[PDB]
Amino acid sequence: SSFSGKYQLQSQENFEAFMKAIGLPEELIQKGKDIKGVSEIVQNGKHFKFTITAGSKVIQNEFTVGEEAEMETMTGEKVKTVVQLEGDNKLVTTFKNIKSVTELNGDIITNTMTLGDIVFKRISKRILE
């Protein structure tokens, strides 16, 4: 129903392989690969604000689903794309050669990004406030 909350990373797969594939420096990969931080989502109807802890970087993006928006990626590149809401619990978008699906089930968010034959998956749990 609502994505709003603070979410702590529980596990992830293929962080190193994905970050290498997009061109992150090996130094940033090693610094960030073991960080289990907190991301925050604020949802207001179709409007979303994301404060994402991704490795050693914090990325803050904001978008209304269905509208074109500029979003900062891991590389510092700003891509223009549209994020769609599928049902009430799935955010879907594509940018460059990456497909991203953010799914909320109960208190768990599973983020799956696919780049070629690499599936980068992040599993995070809502902090119960």
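Start at 1 with the first residue shown and count on from there.
Look at the C-alpha B-factors of 54-62 and of 86-94. On average they run higher in 86-94. Between the stretches 104-112 and 16-24, it is 16-24 that shows the larger average CA temperature factor. Across the options 38, 41, 69, 35, the residue with the most elevated CA B-factor in the record is 69. Residue-level temperature factors show residue 99 in the middle third of its chain, judged at the C-alpha atom. Annotation for residue 49: CA B-factor lies in the lowest third of the chain's modelled residues.
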